[PDB]
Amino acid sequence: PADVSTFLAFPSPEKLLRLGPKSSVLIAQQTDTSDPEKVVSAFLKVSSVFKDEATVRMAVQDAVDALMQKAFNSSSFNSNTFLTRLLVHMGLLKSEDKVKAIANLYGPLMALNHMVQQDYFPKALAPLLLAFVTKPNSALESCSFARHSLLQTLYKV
């Protein structure tokens, strides 16, 4: 078996599955959703293990949904701050503070593709996400498939 902390510390598809059939609930339960920065961190760690394979895709998607539903449904949660910090950590938007942008954007983009189709997702954030995913960027240009997919999905929001 595994635990949420170890997973977030060293994310891997196997560890996510090892969390059990209730892994989605556990990730959300163990994340301090009162802190946008921590939600961004959890979202990126979870999506970093995304694989276009049945069991893993489902586990990642379900985890993202549990985490983001919990964060977004909080009347006090600042969704704008989440989006801004997400873009910063994905290296698509500059920041005053020093942050080490993630290396692979494949998982994050695929997780976003799923997230934006859910009812809990604030539609007001769609235009902002669309603006920064379409904006020229080397990292995005490398993950063309996932990028094109996310954009096509954003067009339907």
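Residue positions are given as counts along the sequence shown, with the first one as 1.
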- Selected stretch [higher average CA B-factor]: 126 to 134 or 94 to 102: 94 to 102
- Message: Mean CA temperature factor from the deposited coordinates, higher in 61 to 69 or in 45 to 53?
- Response: 45 to 53
- Item | Modelled-residue ranking by C-alpha temperature factor, third containing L19 | highest
- Considering only modelled residues of the same chain, in which third does the CA B-factor of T153 rank: lowest, middle or highest? lowest
- Task: Sort the modelled residues of this chain by their C-alpha B factor and say whether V25 lands in the lowest, middle or highest third.
- Result: lowest
- Can you tell me which third, lowest, middle or highest, the CA B-factor of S79 falls into for its chain? middle
